[PDB]
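Residue numbers (PDB author numbering): 1 to 90.
What follows is the structure, given as structure tokens:
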């Protein structure tokens with residue numbers, strides 16, 4: 001047999017959603033705790049990476065504005081790429 005991409009299914013809605021099959025063990029908990037969606041987060045994560053590299057020097061404010069899905073919701077997604085290293089904080 002081989003991997004199935006199902007595992008024990010994380011909490012909230014994100015066990016067989018479109019993208020969780022790629023969500024890493026880290027991003028998974030980040031979206032689950034924030035109740036986010038796979039494709040949704042996968043999108044903002046990609047756009048933020050391209051824009052941040054284009055403008056170079058994007059901070060949290062730009063995140064809550066570009067992907068203004070909410071208040072702490074964007075702060076958690078951005079604080080992840082920022083502290084992780086995917087993007088920078090000015």
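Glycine included, every Cβ here is placed at the ideal spot set by N, Cα and C.
So for residue i, helix, strand or coil by DSSP?
i          : result
residue 79 : helix
residue 33 : helix
residue 72 : helix
Hey, residue i and residue j are a contact pair by Cβ (cut 8 Å); roughly how many whole angstroms apart?
i          : j          : result
residue 42 : residue 5  : That belief does not hold up - the Cβ atoms of residue 42 and residue 5 are roughly 15 Å apart, past 8 Å.
residue 81 : residue 45 : 7 Å
residue 37 : residue 17 : 6 Å
residue 86 : residue 60 : In fact, because the Cβ distance is near 14 Å, the residues do not count as touching under 8 Å.
Please state if the CB of residue j and the CB of residue i are separated by a distance shorter than 8 Å.
i          : j          : result
residue 75 : residue 64 : yes
residue 39 : residue 88 : no
So does the stretch 49-59 actually touch the stretch 7-25, counting three or more Cβ pairs closer than 8 Å?
no
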